[PDB]
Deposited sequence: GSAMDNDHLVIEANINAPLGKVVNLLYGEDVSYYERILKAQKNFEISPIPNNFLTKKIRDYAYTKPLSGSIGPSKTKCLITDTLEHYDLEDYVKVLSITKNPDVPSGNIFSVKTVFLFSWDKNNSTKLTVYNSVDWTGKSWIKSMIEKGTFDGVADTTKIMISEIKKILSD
């Protein structure tokens, strides 16, 4: 999952590791909600503010998009690793039960945050699809999924820079 074939982006953010991670996953969920709206999602359910204690948060939103023009995204974030002296890893699973083959795949996005030069943060994003059944549109789904995450991750980085521009 975390290999060059599935690498979406490696990007620098001009803030320390703990600030970037806690901006996105801490108790003020308005920042991630702002990112989701900037990515053109809507009908966003309240993001749980307790991720760093529970190690999981679930929420949902509607994403505009063969297939429907939009679909409900069910999000499960899990905190896989948290060490502010080293790296933080968040796994985000997206389920799309309302799309073709949507009952036999999930989308896995890995956010890796580590230290970069001059007290900054390196963000590494991977994306893959996990199949649990047979589908004859697998390549189409994997390509559309990957391109979509590339598009939305670029918006996320732009939005984080705006949030931190004070």
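Asker: Tell me which segments of the deposited chain sequence are not represented by C-alpha atoms in this structure.
Answerer: No C-alpha for residues 1 to 2, 68 to 70.
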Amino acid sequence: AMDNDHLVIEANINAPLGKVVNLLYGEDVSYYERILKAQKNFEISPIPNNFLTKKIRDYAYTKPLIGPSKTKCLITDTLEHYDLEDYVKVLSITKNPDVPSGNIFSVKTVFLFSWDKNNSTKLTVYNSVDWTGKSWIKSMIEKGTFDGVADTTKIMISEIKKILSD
From here on, numbers count along this sequence of modelled residues.
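Asker: Tell me which stretch, 98 to 106 or 54 to 62, has the higher mean Cα B-factor listed in the entry.
Answerer: Looking at the recorded C-alpha B-factors, 98 to 106 comes out higher on average.
Asker: Give the stretch, out of 114 to 122 and 66 to 74, with the larger mean C-alpha temperature factor in the deposited entry.
Answerer: Mean C-alpha B-factor is greater for 66 to 74.
Asker: Sorting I13, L24, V149, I155 by Cα temperature factor from the record, which one lands on top?
Answerer: Checking the PDB record, the top C-alpha B-factor among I13, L24, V149, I155 is at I13.
Asker: Mind checking which third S30 falls in for C-alpha B-factor across the chain?
Answerer: For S30, whose C-alpha B-factor we compare with every modelled residue in the chain, the answer is the lowest third.
Asker: Quick check for you: using the entry's CA B-factors within this chain, is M2 in the lowest, middle or highest third?
Answerer: Its C-alpha B-factor belongs to the highest third of this chain's values.
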